[PDB]
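Everything on this sheet refers to the single structure shown next.
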Amino acid sequence: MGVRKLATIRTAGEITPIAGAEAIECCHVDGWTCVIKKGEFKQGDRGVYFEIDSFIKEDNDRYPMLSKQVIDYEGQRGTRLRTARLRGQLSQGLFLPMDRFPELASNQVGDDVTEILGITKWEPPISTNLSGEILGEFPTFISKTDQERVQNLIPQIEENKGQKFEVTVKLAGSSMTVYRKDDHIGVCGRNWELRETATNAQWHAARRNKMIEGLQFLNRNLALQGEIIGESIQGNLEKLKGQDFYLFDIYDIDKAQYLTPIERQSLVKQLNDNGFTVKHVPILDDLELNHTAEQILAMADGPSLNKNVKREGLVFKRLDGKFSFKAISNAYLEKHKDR
Ligand SMILES: *P(=O)(O)OC[C@H]1O[C@@H](n2cnc3c(N)ncnc32)[C@H](O)[C@@H]1O
């Protein structure tokens, strides 16, 4: 991915009634489903769609329907959009008619108005031992690990029908990159490269599975990208003792592209055959893409790495390693509306 477009211009899709409810109805917006007030949209209308995790500052003219969910976040009063279920209808996000945004009248469908509207992403406080000291910015020559959501890739999901995809269990921790470029080998979080300390959990996991010595061994300019999970990391959903790294991507720094999935488990073999114990995120059966966004979301729920807990979702990586996305489990999101 790259740059989250929390507020976008979109078109109302199919609009369907909600049984038992007379003042509301269900509106499809790309792969999302959203409860709207009767009489705000007809199919094909333009509107501003705010995704879940949007933080929308308090405003009684533009957002008067958001006033009974007002909280404090970073010192600002405002509303965090989260997954909900109204009259049995799953509802995600906020969809508002163009007439409430005259200043956006000239924007086109697909335009990102996040910064025009002052929208920010709500996020939990990060863990104490995953903050360490910084050596410098996240490397400009390594890609970051954000994935776009399948709900937003409707044209791309059939463009890629017939294509094949590696299917991996999405693990709930924090992103972690261990990389080599020539003489230097570094450990990063999701946003910063980190200097080694006794307490830093990223370095401690990297030392414990000898992935620094493994990168020296392989003698290539590679970024090993994976998730650090376990105790004291985003609630430790997998019920693990301690912390550990689970790989999900390898980035070829020199060719500035990701290793394809088969190239990646070959290297994970090789690393382990040589005593460098780097685990991988659980791998499921490949998928030959012939599906709708809603059918893909149906795959998302299921067993996690711990086969006794229900997983955050799945990540799909095309076998050429050049088109990837996540499908997050709505069951998971509904279970966790309180985090
Ligand atoms: P999440 O909804 O937090 O969005 C993307 C991040 O998920 C993490 N992640 C865990 N497991 C995976 C796999 N298997 N593939 C890709 N990304 C994964 C990363 O830290 C992403 O930044």
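Quick note: residue numbers are just sequence positions, from 1.
- For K38, the NZ atom is densely surrounded, since the number of other residues' heavy atoms within 6.0 Å is greater than 12.
- Between the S91 side chain and the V35 main chain, a donor and an acceptor come within less than 3.5 Å of each other.
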Problem - From CA spacing to verdict: side chain to side chain contact (heavy atoms under 4.5 Å, CB included), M65, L94 - result: CA-CA 10 Å; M65 75 288 298; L94 184 67; 4.2 Å; yes
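- Between the CG atom of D252 and the CD1 atom of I142 there is a distance of 11.5 Å, given to the nearest 0.5 Å.
- Judged by distance alone, with hydrogens and angles left aside, the side-chain atoms of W32 form no donor-acceptor pair with the main-chain N or O of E51 at under 3.5 Å.
- Counting only heavy atoms from C-beta outward, the side chains of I126 and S131 approach each other to under 4.5 Å.
- Using a 4.5 Å heavy-atom threshold, the side chains of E227 and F245 count as separate.
- Counting non-hydrogen atoms of other residues, nucleotides and ligands closer than 6.0 Å to CG of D285 gives a total of 12 or fewer.
- No more than 12 heavy atoms of other residues, nucleotides or ligands lie within 6.0 Å of NZ in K57, so this atom counts as exposed by the packing criterion.
- Of the possible donor and acceptor atoms, none in the side chain of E58 sits under 3.5 Å from a partner among the backbone N and O of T79.
- In this structure, the side chain of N200 does not engage the main chain of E196 through any donor-acceptor pair within 3.5 Å.
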Exercise for the section: Let me see the working for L153 and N160 under side chain to side chain contact (heavy atoms under 4.5 Å, CB included), right down to the final yes or no. Expected result: CA-CA 10 Å; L153 298 155; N160 275 254; over 6 Å; no
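- Taking a cutoff of 4.0 Å between a charged side-chain nitrogen and a carboxylate oxygen, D320 and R318 qualify as a salt bridge.
- Residues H204 and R207 are not in side-chain contact: their nearest non-hydrogen atoms beyond the backbone lie 4.5 Å or more apart.
- Identified under the ring-ring contact (aromatic ring centres under 6.0 Å, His included) test for residues 259-310, with sequence neighbours left out: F217-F276.
- Closest approach of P261 and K317 over heavy atoms only: CG-O, 4.0 Å.
- Note on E312 versus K326: no salt bridge recorded, every NZ/NE/NH1/NH2 to OD/OE distance being 4.0 Å or above.
- Among residues two or more places apart in sequence or in another chain, the side-chain hydrogen bond (donor to acceptor under 3.5 Å, both in side chains) test is passed with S174 by none.
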Practice task
I would like to know whether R10 and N152 meet side chain to side chain donor-acceptor pair (under 3.5 Å); could you show each step before the answer?
Solution key: CA-CA 11 Å; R10 303 199 204 210; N152 295 319; 2.8 Å; yes
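- Under the 4.5 Å side-chain contact rule for hydrophobic residues, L297 and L289 share a cluster.
- Between the side chain of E238 and the main chain of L305, a donor-acceptor pair closer than 3.5 Å is present.
- In this structure, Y251 contributes its side chain and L222 its backbone to no donor-acceptor pair below 3.5 Å.
- Among the candidates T177, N129, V187, the single residue satisfying the side chain to side chain contact (heavy atoms under 4.5 Å, CB included) test with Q202 is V187.
- Considering only heavy atoms from C-beta on, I233 comes within 4.5 Å of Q243 through its side chain.
- Enclosure of atom CZ in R85 by more than 12 non-hydrogen atoms of other residues, nucleotides or ligands within 6.0 angstrom is indicated.
- Of all heavy-atom pairs spanning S127 and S232, the tightest one is CB-O, 3.5 Å.
- When the salt bridge (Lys or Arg N to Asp or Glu O under 4.0 Å) test is applied to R82, the partners found at least two apart in sequence or on another chain are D53.
- Applying the ring-ring contact (aromatic ring centres under 6.0 Å, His included) definition to pairs two or more places apart or across chains, those involving residues 133-163 are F141-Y179.
- The main-chain N or O of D146 is never found under 3.5 Å from a side-chain atom of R4 such that the two would form a donor-acceptor pair.
- In this structure, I283 stands alone, with no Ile, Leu, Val, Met, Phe, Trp or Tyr side-chain heavy atom under 4.5 Å from its own, directly or through other members.
- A205 and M176 get closest at one heavy-atom pair: CB-CE, 4.4 Å.
- Taking the charged nitrogens against the carboxylate oxygens, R62 and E103 do have a contact shorter than 4.0 Å, which makes a salt bridge.
- Distance check: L104 CG to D111 CG gives 9.0 Å after rounding to the nearest 0.5 Å.
- Pairs passing the side-chain hydrogen bond (donor to acceptor under 3.5 Å, both in side chains) check and including a residue from residues 267-276, sequence neighbours excluded, do not occur.
- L90 belongs to no hydrophobic cluster with other residues, because no ILVMFWY side-chain heavy atom falls under 4.5 Å from its own, directly or through intermediates.
- Between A7 and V48, the closest heavy-atom pair is CB-CG1, 4.3 Å.
- Between the side chain of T83 and the backbone N or O of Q92, no donor-acceptor pair lies under 3.5 Å.
- In this structure, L247 is not a member of the same hydrophobic cluster as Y258, with clusters built from ILVMFWY side-chain heavy atoms closer than 4.5 Å.
- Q156 CD: more than 12 foreign heavy atoms inside a 6.0 Å radius.
- For the ring-ring contact (aromatic ring centres under 6.0 Å, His included) test, no residue two or more places apart in sequence or in another chain qualifies with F248.
- The structure places NZ of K164 at 6.0 Å from CD of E288, a figure rounded to the nearest 0.5 Å.
- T128 is not listed as a side-chain neighbour of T199, based on a closest heavy-atom distance of 4.5 Å or more.
- Partners of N209 by side-chain hydrogen bond (donor to acceptor under 3.5 Å, both in side chains), not counting sequence neighbours: none found.
- In this structure, the side chain to side chain contact (heavy atoms under 4.5 Å, CB included) partners of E231, at least two apart in sequence or on a different chain, are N236, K241.
- Listed for the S329 side chain is no donor-acceptor partner under 3.5 Å among the backbone atoms of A300.
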Exercise for the section: Please report the C-alpha distance between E294 and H28 in whole Å, then the side-chain angles of each, then the deciding distance to 0.1 Å, and finally whether the side chain to side chain donor-acceptor pair (under 3.5 Å) criterion is met. Expected result: CA-CA 11 Å; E294 215 70 20; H28 294 244; 5.8 Å; no
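- The side-chain heavy atoms of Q225 and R264, taken from C-beta on, include no pair separated by under 4.5 Å.
- Linking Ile, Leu, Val, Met, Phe, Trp and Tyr residues whenever their side-chain heavy atoms come within less than 4.5 Å leaves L171 and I228 in two separate clusters.
- By the side-chain hydrogen bond (donor to acceptor under 3.5 Å, both in side chains) test, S54 is found to be paired with no residue, residues two or more places apart in sequence or in another chain being considered.
- Residue pairs that meet the ring-ring contact (aromatic ring centres under 6.0 Å, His included) test with at least one member in residues 62-120, sequence neighbours left out, are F41-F95, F50-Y63, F55-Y73, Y73-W122.
- The closest side-chain heavy-atom distance from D45 to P97 is not below 4.5 Å.
- Two residues are said to be in side-chain contact when any heavy atoms from C-beta on lie closer than 4.5 Å; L267 and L259 meet this criterion.
- For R195, the CZ atom is loosely surrounded, since the number of other residues' heavy atoms within 6.0 Å does not exceed 12.
- In this structure, the side chain of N221 engages the main chain of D182 through a donor-acceptor pair within 3.5 Å.
- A206 and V178 get closest at one heavy-atom pair: CB-CG2, 4.1 Å.
- The number of heavy-atom neighbours closer than 6.0 Å to CZ of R339, taken from other residues, nucleotides and ligands shown, is above 12.
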